[PDB]
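Participant: One file: entry_20.cif (mmCIF, C-alpha atoms and all ligand atoms).
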```cif
data_query
loop_
_atom_site.label_atom_id
_atom_site.label_comp_id
_atom_site.auth_asym_id
_atom_site.auth_seq_id
_atom_site.Cartn_x
_atom_site.Cartn_y
_atom_site.Cartn_z
CA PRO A 14 0.00 0.00 0.00
CA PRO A 15 1.09 3.59 -0.49
CA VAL A 16 2.61 5.43 2.43
CA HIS A 17 -0.06 7.47 4.23
CA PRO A 18 0.50 11.25 4.07
CA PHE A 19 0.93 11.40 7.87
CA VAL A 20 3.65 8.72 7.72
CA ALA A 21 5.54 10.16 4.76
CA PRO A 22 7.64 12.65 6.82
CA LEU A 23 9.01 9.67 8.77
CA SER A 24 9.51 7.45 5.73
CA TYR A 25 13.28 7.48 6.45
CA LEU A 26 12.52 5.03 9.29
CA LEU A 27 10.89 2.37 7.13
CA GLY A 28 13.02 -0.75 6.85
CA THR A 29 15.21 -2.81 9.14
CA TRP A 30 18.09 -1.53 11.23
CA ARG A 31 20.84 -3.35 13.12
CA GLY A 32 23.57 -2.19 15.45
CA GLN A 33 24.80 -2.01 19.02
CA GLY A 34 24.09 -0.15 22.23
CA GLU A 35 25.28 0.43 25.75
CA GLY A 36 23.36 0.59 29.00
CA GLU A 37 24.15 2.21 32.34
CA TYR A 38 22.44 3.43 35.50
CA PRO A 39 23.79 4.66 38.91
CA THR A 40 22.86 1.37 40.50
CA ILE A 41 24.13 -1.16 37.95
CA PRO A 42 27.27 -2.06 36.01
CA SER A 43 27.40 -0.82 32.45
CA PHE A 44 26.65 -3.33 29.70
CA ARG A 45 26.53 -3.69 25.92
CA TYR A 46 24.02 -5.33 23.60
CA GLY A 47 23.08 -5.87 19.99
CA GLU A 48 19.83 -4.46 18.67
CA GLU A 49 17.57 -4.84 15.63
CA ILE A 50 14.57 -2.65 14.79
CA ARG A 51 11.99 -2.92 12.02
CA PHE A 52 9.64 -0.12 11.06
CA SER A 53 6.80 -1.07 8.71
CA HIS A 54 3.35 0.10 7.70
CA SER A 55 0.05 -0.99 6.14
CA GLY A 56 -1.07 2.26 4.50
CA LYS A 57 -2.60 3.69 7.69
CA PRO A 58 -1.37 6.77 9.61
CA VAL A 59 0.67 4.43 11.82
CA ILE A 60 4.13 2.90 11.70
CA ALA A 61 4.61 -0.52 13.31
CA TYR A 62 7.76 -0.83 15.44
CA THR A 63 9.36 -4.12 16.47
CA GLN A 64 12.65 -4.50 18.29
CA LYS A 65 14.86 -7.09 19.89
CA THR A 66 18.20 -7.17 21.71
CA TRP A 67 20.84 -9.84 22.20
CA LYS A 68 24.21 -10.59 23.74
CA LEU A 69 26.98 -9.48 21.39
CA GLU A 70 29.23 -12.47 21.69
CA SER A 71 26.77 -15.27 21.18
CA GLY A 72 23.63 -13.77 19.73
CA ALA A 73 21.71 -15.07 22.74
CA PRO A 74 18.30 -13.33 23.01
CA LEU A 75 17.80 -10.66 25.64
CA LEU A 76 14.59 -8.61 25.38
CA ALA A 77 12.02 -7.50 22.83
CA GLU A 78 9.48 -4.71 22.45
CA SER A 79 6.91 -3.61 19.95
CA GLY A 80 4.38 -0.95 19.31
CA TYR A 81 3.12 1.79 17.06
CA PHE A 82 4.18 5.31 16.07
CA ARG A 83 1.39 7.80 15.19
CA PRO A 84 2.77 11.01 13.63
CA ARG A 85 0.58 13.97 12.72
CA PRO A 86 1.17 16.83 10.26
CA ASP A 87 1.52 19.46 12.99
CA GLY A 88 4.74 17.71 14.06
CA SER A 89 3.19 16.00 17.05
CA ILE A 90 3.55 12.26 17.58
CA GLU A 91 2.30 9.60 20.00
CA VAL A 92 4.02 6.23 20.40
CA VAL A 93 2.72 3.19 22.30
CA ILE A 94 5.09 0.37 23.29
CA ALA A 95 4.68 -2.98 25.01
CA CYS A 96 7.79 -4.68 26.34
CA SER A 97 8.70 -8.30 26.96
CA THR A 98 9.55 -7.36 30.56
CA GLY A 99 5.87 -6.66 31.16
CA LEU A 100 5.92 -2.86 30.95
CA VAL A 101 3.91 -0.60 28.69
CA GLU A 102 4.56 3.02 27.74
CA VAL A 103 2.56 5.86 26.26
CA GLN A 104 5.07 8.31 24.77
CA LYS A 105 4.19 11.78 23.42
CA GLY A 106 6.26 14.43 21.75
CA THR A 107 7.32 15.91 18.47
CA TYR A 108 9.29 15.15 15.34
CA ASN A 109 11.41 17.58 13.37
CA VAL A 110 11.86 17.07 9.64
CA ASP A 111 14.90 19.28 9.22
CA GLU A 112 16.75 17.54 12.02
CA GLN A 113 15.35 14.04 11.28
CA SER A 114 14.71 13.72 15.02
CA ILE A 115 11.93 12.45 17.23
CA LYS A 116 11.66 13.50 20.89
CA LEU A 117 9.30 11.66 23.23
CA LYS A 118 8.49 11.64 26.92
CA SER A 119 6.17 9.25 28.72
CA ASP A 120 2.63 10.21 29.67
CA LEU A 121 2.35 6.87 31.42
CA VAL A 122 4.52 3.87 32.29
CA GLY A 123 2.36 0.87 33.17
CA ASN A 124 3.08 -2.20 35.28
CA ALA A 125 6.50 -0.98 36.48
CA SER A 126 7.84 -1.75 39.93
CA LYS A 127 10.38 1.09 39.99
CA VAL A 128 10.41 3.08 36.73
CA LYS A 129 8.46 6.35 36.86
CA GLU A 130 9.18 8.16 33.56
CA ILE A 131 10.93 7.20 30.34
CA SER A 132 12.09 9.50 27.55
CA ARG A 133 13.10 8.30 24.11
CA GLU A 134 14.92 10.46 21.56
CA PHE A 135 15.84 9.38 18.02
CA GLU A 136 18.10 11.12 15.51
CA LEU A 137 19.21 10.11 12.03
CA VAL A 138 22.98 10.82 11.97
CA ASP A 139 24.75 10.31 8.64
CA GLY A 140 22.02 7.87 7.69
CA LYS A 141 22.31 5.84 10.92
CA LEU A 142 19.57 5.66 13.52
CA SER A 143 20.71 6.87 16.95
CA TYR A 144 18.72 6.97 20.12
CA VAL A 145 18.94 7.73 23.79
CA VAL A 146 16.55 6.27 26.38
CA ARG A 147 16.47 8.06 29.72
CA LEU A 148 14.58 6.84 32.76
CA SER A 149 13.66 7.95 36.24
CA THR A 150 12.60 6.27 39.44
CA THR A 151 11.08 7.69 42.66
CA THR A 152 14.62 8.31 43.91
CA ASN A 153 16.74 8.64 40.69
CA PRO A 154 15.93 11.60 38.43
CA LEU A 155 15.54 11.23 34.70
CA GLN A 156 18.93 10.32 33.30
CA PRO A 157 20.60 8.25 30.55
CA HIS A 158 20.01 4.49 30.59
CA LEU A 159 20.42 3.25 27.00
CA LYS A 160 22.05 4.55 23.85
CA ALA A 161 22.48 2.81 20.52
CA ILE A 162 23.40 3.40 16.90
CA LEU A 163 21.98 1.22 14.13
CA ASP A 164 22.79 0.89 10.43
CA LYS A 165 20.05 0.57 7.86
CA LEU A 166 20.03 -2.82 6.22
CA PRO B 14 15.47 -22.39 21.29
CA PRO B 15 13.64 -24.78 23.58
CA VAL B 16 10.32 -23.71 25.02
CA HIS B 17 10.82 -22.24 28.50
CA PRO B 18 9.17 -24.27 31.30
CA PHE B 19 6.83 -21.35 32.11
CA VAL B 20 5.68 -21.18 28.47
CA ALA B 21 5.21 -24.93 27.98
CA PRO B 22 1.65 -25.07 29.46
CA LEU B 23 0.59 -22.58 26.77
CA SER B 24 2.50 -24.26 23.95
CA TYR B 25 -0.85 -24.96 22.22
CA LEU B 26 -0.87 -21.25 21.26
CA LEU B 27 2.43 -21.28 19.39
CA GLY B 28 1.95 -20.83 15.65
CA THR B 29 -0.24 -18.76 13.38
CA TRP B 30 -4.03 -18.59 13.47
CA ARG B 31 -6.53 -17.15 11.01
CA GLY B 32 -10.27 -16.68 11.13
CA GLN B 33 -13.13 -14.24 11.50
CA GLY B 34 -14.85 -12.18 14.17
CA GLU B 35 -17.79 -9.95 14.88
CA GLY B 36 -17.99 -6.68 16.78
CA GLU B 37 -20.87 -4.92 18.51
CA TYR B 38 -21.56 -2.28 21.15
CA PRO B 39 -24.78 -0.48 22.29
CA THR B 40 -23.75 2.63 20.43
CA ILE B 41 -22.58 1.23 17.07
CA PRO B 42 -23.76 -1.03 14.27
CA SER B 43 -22.46 -4.57 14.37
CA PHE B 44 -19.61 -5.45 12.02
CA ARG B 45 -17.46 -8.38 10.88
CA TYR B 46 -13.73 -8.69 10.26
CA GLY B 47 -10.96 -11.11 9.42
CA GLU B 48 -8.20 -11.73 11.94
CA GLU B 49 -4.73 -13.29 12.05
CA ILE B 50 -2.68 -13.95 15.20
CA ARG B 51 0.86 -15.23 15.62
CA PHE B 52 2.25 -16.49 18.91
CA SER B 53 6.02 -17.03 19.02
CA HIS B 54 8.86 -17.22 21.51
CA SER B 55 12.63 -16.89 21.92
CA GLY B 56 13.25 -19.33 24.78
CA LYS B 57 12.33 -16.82 27.51
CA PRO B 58 9.33 -17.04 29.88
CA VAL B 59 7.39 -14.86 27.43
CA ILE B 60 5.24 -15.44 24.37
CA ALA B 61 5.20 -12.74 21.69
CA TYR B 62 1.73 -11.91 20.34
CA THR B 63 1.07 -10.13 17.05
CA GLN B 64 -2.33 -9.58 15.49
CA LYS B 65 -4.01 -7.84 12.60
CA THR B 66 -7.54 -7.44 11.27
CA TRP B 67 -8.97 -6.73 7.83
CA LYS B 68 -12.16 -6.27 5.86
CA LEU B 69 -13.52 -9.66 4.79
CA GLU B 70 -14.43 -8.83 1.25
CA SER B 71 -11.28 -7.15 0.07
CA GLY B 72 -8.57 -7.95 2.57
CA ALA B 73 -8.15 -4.22 3.20
CA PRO B 74 -6.20 -3.63 6.44
CA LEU B 75 -8.06 -2.49 9.53
CA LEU B 76 -6.09 -2.54 12.80
CA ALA B 77 -3.14 -4.26 14.43
CA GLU B 78 -1.89 -4.97 17.93
CA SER B 79 1.05 -6.65 19.56
CA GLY B 80 2.47 -7.51 22.90
CA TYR B 81 3.68 -10.18 25.26
CA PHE B 82 2.15 -12.95 27.38
CA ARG B 83 3.95 -13.84 30.66
CA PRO B 84 2.57 -17.05 32.23
CA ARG B 85 3.75 -18.38 35.57
CA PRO B 86 3.57 -21.91 37.04
CA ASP B 87 1.00 -20.95 39.68
CA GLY B 88 -1.49 -20.38 36.84
CA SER B 89 -1.21 -16.61 36.94
CA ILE B 90 -0.49 -14.61 33.80
CA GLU B 91 0.16 -11.00 32.83
CA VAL B 92 -0.25 -9.73 29.26
CA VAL B 93 0.83 -6.35 27.87
CA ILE B 94 -0.58 -5.07 24.57
CA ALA B 95 0.01 -2.00 22.42
CA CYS B 96 -2.55 -1.20 19.76
CA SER B 97 -2.35 0.64 16.46
CA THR B 98 -5.18 2.89 17.65
CA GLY B 99 -2.83 4.33 20.26
CA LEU B 100 -4.05 2.42 23.31
CA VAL B 101 -2.08 0.23 25.67
CA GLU B 102 -3.34 -2.41 28.09
CA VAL B 103 -1.97 -4.23 31.11
CA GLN B 104 -4.03 -7.43 31.49
CA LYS B 105 -3.82 -9.80 34.48
CA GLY B 106 -5.51 -13.08 35.21
CA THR B 107 -5.17 -16.81 35.10
CA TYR B 108 -4.86 -19.72 32.71
CA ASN B 109 -6.36 -23.17 33.17
CA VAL B 110 -4.62 -26.16 31.62
CA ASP B 111 -7.57 -28.54 31.79
CA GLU B 112 -9.86 -26.08 30.07
CA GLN B 113 -7.19 -24.64 27.72
CA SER B 114 -8.48 -21.19 28.68
CA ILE B 115 -6.99 -17.84 29.59
CA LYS B 116 -9.01 -15.21 31.47
CA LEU B 117 -7.72 -11.64 31.72
CA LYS B 118 -8.96 -8.31 33.00
CA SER B 119 -7.23 -4.96 32.65
CA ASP B 120 -5.25 -3.40 35.48
CA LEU B 121 -4.79 -0.35 33.28
CA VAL B 122 -5.93 0.98 29.91
CA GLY B 123 -3.65 3.78 28.75
CA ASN B 124 -4.25 6.67 26.35
CA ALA B 125 -7.98 5.94 25.89
CA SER B 126 -10.55 8.68 25.40
CA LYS B 127 -13.55 6.58 26.46
CA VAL B 128 -12.58 2.99 27.30
CA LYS B 129 -12.22 2.28 31.03
CA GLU B 130 -11.72 -1.49 31.37
CA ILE B 131 -11.12 -4.32 28.90
CA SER B 132 -11.39 -8.05 29.54
CA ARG B 133 -10.02 -10.70 27.21
CA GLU B 134 -10.89 -14.40 27.46
CA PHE B 135 -9.44 -17.14 25.24
CA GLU B 136 -10.53 -20.76 24.92
CA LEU B 137 -9.28 -23.56 22.69
CA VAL B 138 -12.46 -25.21 21.33
CA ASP B 139 -11.98 -28.34 19.21
CA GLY B 140 -8.51 -27.09 18.36
CA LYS B 141 -9.71 -23.61 17.31
CA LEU B 142 -8.81 -20.44 19.18
CA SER B 143 -11.88 -18.55 20.43
CA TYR B 144 -11.96 -15.30 22.28
CA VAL B 145 -14.27 -12.69 23.67
CA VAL B 146 -13.21 -9.08 24.32
CA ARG B 147 -15.47 -7.10 26.64
CA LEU B 148 -15.12 -3.40 27.32
CA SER B 149 -16.55 -0.71 29.54
CA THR B 150 -16.78 3.05 29.46
CA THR B 151 -17.71 5.58 32.19
CA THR B 152 -21.35 5.12 31.19
CA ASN B 153 -21.49 1.59 29.60
CA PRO B 154 -20.70 -1.33 31.92
CA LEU B 155 -18.36 -4.10 30.92
CA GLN B 156 -20.01 -6.01 28.10
CA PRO B 157 -19.22 -7.91 24.88
CA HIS B 158 -17.49 -5.98 22.08
CA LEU B 159 -15.56 -8.53 19.99
CA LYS B 160 -15.67 -12.26 19.47
CA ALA B 161 -13.71 -14.38 17.03
CA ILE B 162 -12.79 -17.95 16.17
CA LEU B 163 -9.51 -18.76 14.43
CA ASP B 164 -8.14 -21.94 12.87
CA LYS B 165 -4.56 -22.99 13.39
CA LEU B 166 -2.55 -22.80 10.21
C1 LIG C 201 12.72 1.08 27.68
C2 LIG C 201 12.99 -0.09 28.60
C3 LIG C 201 13.81 -0.38 29.84
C4 LIG C 201 13.38 0.02 31.07
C5 LIG C 201 12.16 0.73 31.66
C6 LIG C 201 14.50 -0.45 31.84
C7 LIG C 201 14.81 -0.41 33.19
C8 LIG C 201 15.65 -0.78 34.21
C9 LIG C 201 15.56 -0.61 35.65
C10 LIG C 201 14.44 0.08 36.39
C11 LIG C 201 16.69 -1.19 36.09
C12 LIG C 201 17.18 -1.37 37.52
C13 LIG C 201 17.47 -0.04 38.22
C14 LIG C 201 17.26 0.09 39.73
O1 LIG C 201 17.36 1.27 40.14
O2 LIG C 201 17.19 -0.92 40.46
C15 LIG C 201 17.44 -1.71 34.96
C16 LIG C 201 18.59 -2.42 34.76
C17 LIG C 201 19.24 -3.32 33.92
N1 LIG C 201 18.79 -3.23 32.63
MN1 LIG C 201 17.39 -1.91 31.82
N2 LIG C 201 17.61 -2.81 29.90
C18 LIG C 201 16.92 -2.55 28.74
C19 LIG C 201 15.93 -1.60 28.89
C20 LIG C 201 15.08 -1.03 29.80
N3 LIG C 201 15.47 -1.12 31.12
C21 LIG C 201 17.41 -3.37 27.66
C22 LIG C 201 16.82 -3.30 26.25
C23 LIG C 201 18.39 -4.10 28.18
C24 LIG C 201 19.25 -5.14 27.51
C25 LIG C 201 19.00 -5.79 26.16
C26 LIG C 201 18.52 -3.76 29.57
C27 LIG C 201 19.28 -4.13 30.65
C28 LIG C 201 19.57 -4.15 31.97
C29 LIG C 201 20.49 -4.89 32.83
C30 LIG C 201 21.44 -6.00 32.39
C31 LIG C 201 20.25 -4.33 34.05
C32 LIG C 201 20.91 -4.72 35.36
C33 LIG C 201 20.08 -5.78 36.08
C34 LIG C 201 19.10 -5.28 37.11
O3 LIG C 201 19.45 -4.58 38.09
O4 LIG C 201 17.90 -5.63 36.96
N4 LIG C 201 16.77 -1.45 33.77
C1 LIG C 202 -9.09 -4.36 22.30
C2 LIG C 202 -9.38 -3.17 21.42
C3 LIG C 202 -10.55 -2.30 21.06
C4 LIG C 202 -10.98 -1.32 21.91
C5 LIG C 202 -10.56 -0.74 23.26
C6 LIG C 202 -12.10 -0.85 21.13
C7 LIG C 202 -13.05 0.14 21.33
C8 LIG C 202 -14.11 0.86 20.84
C9 LIG C 202 -14.83 2.00 21.37
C10 LIG C 202 -14.56 2.69 22.69
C11 LIG C 202 -15.75 2.24 20.41
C12 LIG C 202 -16.81 3.34 20.36
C13 LIG C 202 -17.84 3.22 21.48
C14 LIG C 202 -18.50 4.48 22.05
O1 LIG C 202 -19.19 4.25 23.08
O2 LIG C 202 -18.47 5.56 21.43
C15 LIG C 202 -15.58 1.29 19.33
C16 LIG C 202 -16.15 1.05 18.11
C17 LIG C 202 -15.93 0.54 16.84
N1 LIG C 202 -14.94 -0.41 16.82
MN1 LIG C 202 -13.87 -1.19 18.43
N2 LIG C 202 -12.75 -2.45 17.12
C18 LIG C 202 -11.71 -3.28 17.41
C19 LIG C 202 -11.33 -3.25 18.74
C20 LIG C 202 -11.32 -2.47 19.87
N3 LIG C 202 -12.27 -1.47 19.91
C21 LIG C 202 -11.26 -3.98 16.23
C22 LIG C 202 -10.10 -4.97 16.25
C23 LIG C 202 -12.06 -3.55 15.25
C24 LIG C 202 -12.03 -3.93 13.79
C25 LIG C 202 -10.93 -4.66 13.06
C26 LIG C 202 -12.98 -2.60 15.79
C27 LIG C 202 -14.00 -1.80 15.36
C28 LIG C 202 -14.91 -0.80 15.51
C29 LIG C 202 -15.82 -0.07 14.64
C30 LIG C 202 -15.97 -0.26 13.13
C31 LIG C 202 -16.44 0.76 15.51
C32 LIG C 202 -17.50 1.80 15.17
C33 LIG C 202 -16.85 3.15 14.89
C34 LIG C 202 -16.78 4.11 16.05
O3 LIG C 202 -17.79 4.48 16.68
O4 LIG C 202 -15.63 4.55 16.34
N4 LIG C 202 -14.54 0.42 19.60
#
```
Using structure tokens, write down the structure from this file.
Facilitator:
Amino acid sequence: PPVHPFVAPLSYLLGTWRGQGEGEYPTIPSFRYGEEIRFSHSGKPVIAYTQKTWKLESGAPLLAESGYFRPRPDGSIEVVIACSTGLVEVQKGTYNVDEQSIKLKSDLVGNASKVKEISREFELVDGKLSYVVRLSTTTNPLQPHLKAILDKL
Amino acid sequence: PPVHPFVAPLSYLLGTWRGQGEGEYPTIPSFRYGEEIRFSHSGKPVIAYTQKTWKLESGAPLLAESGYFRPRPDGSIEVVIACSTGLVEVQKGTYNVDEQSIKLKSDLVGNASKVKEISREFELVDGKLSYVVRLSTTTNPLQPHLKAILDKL
């Protein structure tokens, strides 16, 4: 199906991406992981998102998440994500065509024992997809947790 | 990868399913749809769920959802779902091995303008996957909205 007019400004996402990331938080040792993301669509004003992570050395599965990105022509966007850990997120924010960036902060984080807010920021950098995930808890303010860079396949 | 011991009691779900459903609610005309579901896993105590619906006559896409089922050996289960409409759900309940049923009710429905609670109940009936989705709003009590039967492919 043709790309919906609301999806077209984010058409640079469509496809599959693979790369590597690093995680950290004040309470844990830093770690690395592999990551794969697919963005797809079915002609609606929605982009399907599906992701997985693995251990770099072996390919052993780690986690997975999936959801939907809903951009609008005013530059606003809402993203919903379900995670294999048992969390859900409602993310809201904006996208910027000139910067090829997407900036999101959570309206809600569901079913979490400790996490309070999550922000997710994407940028296309020399054709590669970069992001940063930040998270807070009741006692740790919003701060970096994950960052990755992925090549388009 | 081998099926995780927590997933094994629900191994009857694993695969792809296709069939048809019907929708209704006091405020809308009844409708029919096609549906496809895939349940998969990666050796963790989690089953990935991915679903889509379409118009019967043409195959034209309607909606999609996806998430994760997390069963535990005491018979409890938690399910998280993100939907292409922009909703998320945290579902909790139980599964019953002798009945091949799963009964869930929402702890939380996120980003909904009108929906308050959702229940989802699955049953394997002569090898076919049946479900009922019920929903409430502030003014309409919990009641049937969707029901479908799918054949295993
Ligand atoms: C967005 C999703 C996401 C959320 C909300 C998240 C949240 C957390 C929270 C909360 C903690 C523990 C902090 C505390 O103060 O006790 C933690 C730690 C950790 N996380 Mn992560 N994390 C990921 C993504 C996330 N993690 C991914 C993806 C991976 C790897 C593929 C990963 C790997 C870890 C590891 C490893 C730890 C350390 C183990 C632990 O303390 O639980 N992660
Ligand atoms: C679980 C997910 C799910 C939820 C929370 C849901 C919720 C609703 C709500 C709320 C309404 C409007 C009721 C009101 O009182 O105004 C409505 C109507 C409707 N729904 Mn459904 N619905 C689906 C699944 C869902 N629907 C699926 C799947 C389809 C089709 C593939 C579908 C098709 C419809 C149609 C068609 C209408 C009528 C249009 C409307 O009033 O918006 N649906």
Participant: So that all listed atoms of ligand LIG 202 (chain C) fit with 4 Å spare on each side, what axis-aligned box centre and edge lengths in Å, to one decimal, would you give as AutoDock Vina command-line options?
Facilitator:
```
--center_x -14.1 --center_y 0.3 --center_z 18.2 --size_x 18.1 --size_y 18.5 --size_z 18.2
```
Participant: Hey, what's within 12 Å of residue 123 in chain B if we count all atoms listed in the file and toss same-chain stuff fewer than 4 positions away? As a ChimeraX atom specification, please?
Facilitator: /A:92-95,100-104,119-124 /B:93-96,98-104,119,127-131
Participant: Please provide as a VMD selection string all residues within 7 Å of range 134-148 of chain A, with the sequence filter that same-chain residues fewer than 6 positions apart are discarded (counting only C-alpha atoms).
Facilitator: chain A and resid 113 to 117 128 155 to 165
Participant: Counting only C-alpha atoms and all ligand atoms, give me one row per residue of chain A with an atom at most 8 Å from an atom of ligand LIG 201 (chain C), showing the shortest contact pair and its distance in Å to one decimal, sorted by chain then residue number, as a tab-separated table.
Facilitator:
```
residue	atom	partner	partner_atom	distance
A:36	CA	C:LIG201	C27	6.5
A:37	CA	C:LIG201	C17	7.6
A:38	CA	C:LIG201	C13	6.6
A:39	CA	C:LIG201	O1	7.4
A:40	CA	C:LIG201	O1	5.5
A:41	CA	C:LIG201	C32	5.5
A:42	CA	C:LIG201	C32	6.9
A:43	CA	C:LIG201	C30	7.9
A:44	CA	C:LIG201	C30	6.4
A:45	CA	C:LIG201	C24	7.6
A:46	CA	C:LIG201	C25	5.7
A:47	CA	C:LIG201	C25	7.4
A:48	CA	C:LIG201	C25	7.7
A:65	CA	C:LIG201	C25	7.6
A:66	CA	C:LIG201	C25	4.7
A:67	CA	C:LIG201	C25	6.0
A:68	CA	C:LIG201	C25	7.5
A:75	CA	C:LIG201	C25	5.0
A:76	CA	C:LIG201	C25	5.3
A:77	CA	C:LIG201	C22	7.2
A:96	CA	C:LIG201	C2	7.3
A:100	CA	C:LIG201	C5	7.2
A:125	CA	C:LIG201	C5	7.6
A:126	CA	C:LIG201	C10	7.7
A:127	CA	C:LIG201	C10	5.5
A:128	CA	C:LIG201	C10	5.0
A:131	CA	C:LIG201	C5	6.7
A:146	CA	C:LIG201	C1	6.6
A:148	CA	C:LIG201	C5	6.7
A:149	CA	C:LIG201	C10	7.9
A:150	CA	C:LIG201	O1	6.9
A:153	CA	C:LIG201	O1	7.4
A:158	CA	C:LIG201	MN1	7.0
A:159	CA	C:LIG201	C19	6.9
```
Participant: Between CA of residue 62 in chain A and CA of residue 74 in chain A, what is the distance in Å, rounded to a tenth?
Facilitator: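 Between CA of residue 62 in chain A and CA of residue 74 in chain A the gap works out to 18.0 Å.
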Participant: Point out the residue among A:86, A:91, A:118, A:97 with the least atom-to-atom distance to residue 61 in chain B, counting all atoms listed in the file.
Facilitator: A:97
Participant: Using all atoms listed in the file, which residue out of B:83, B:23, B:133, B:89 lies closest to ligand LIG 202 (chain C)?
Facilitator: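 Closest residue, counting all atoms listed in the file: B:133.
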Participant: Between B:87, B:70, B:35, B:112, which has the minimum distance to ligand LIG 202 (chain C) (counting only C-alpha atoms and all ligand atoms)?
Facilitator: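 For ligand LIG 202 (chain C), the nearest of the candidates is B:35.
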Participant: To one decimal place, how far is CA of residue 58 in chain A from CA of residue 31 in chain B in Å?
Facilitator: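 That distance, rounded to one decimal, is 24.5 Å.
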Participant: So how many Å separate CA of residue 17 in chain B and CA of residue 57 in chain B, to one decimal?
Facilitator: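 CA of residue 57 in chain B lies at a distance of 5.7 Å from CA of residue 17 in chain B.
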Participant: Using all atoms listed in the file, pick whichever of B:56, B:32, B:80, B:106 has the shortest atom-to-atom distance to residue 19 in chain B.
Facilitator: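 Smallest separation from residue 19 in chain B among the options: B:56.
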Participant: Env of residue 53 in chain A: 9 Å cut, atoms = only C-alpha atoms, seq-sep filter 2 positions within chain, self excluded. Answer as an MDAnalysis selection string.
Facilitator: chainID A and resid 26:29 51 55 59:63
Participant: May I ask which of the residues B:152, B:111, B:25, B:50 is the closest one to ligand LIG 202 (chain C), counting all atoms listed in the file?
Facilitator: B:152
Participant: Nearest to ligand LIG 202 (chain C): which of B:88, B:14, B:22, B:154 is it, counting all atoms listed in the file?
Facilitator: B:154
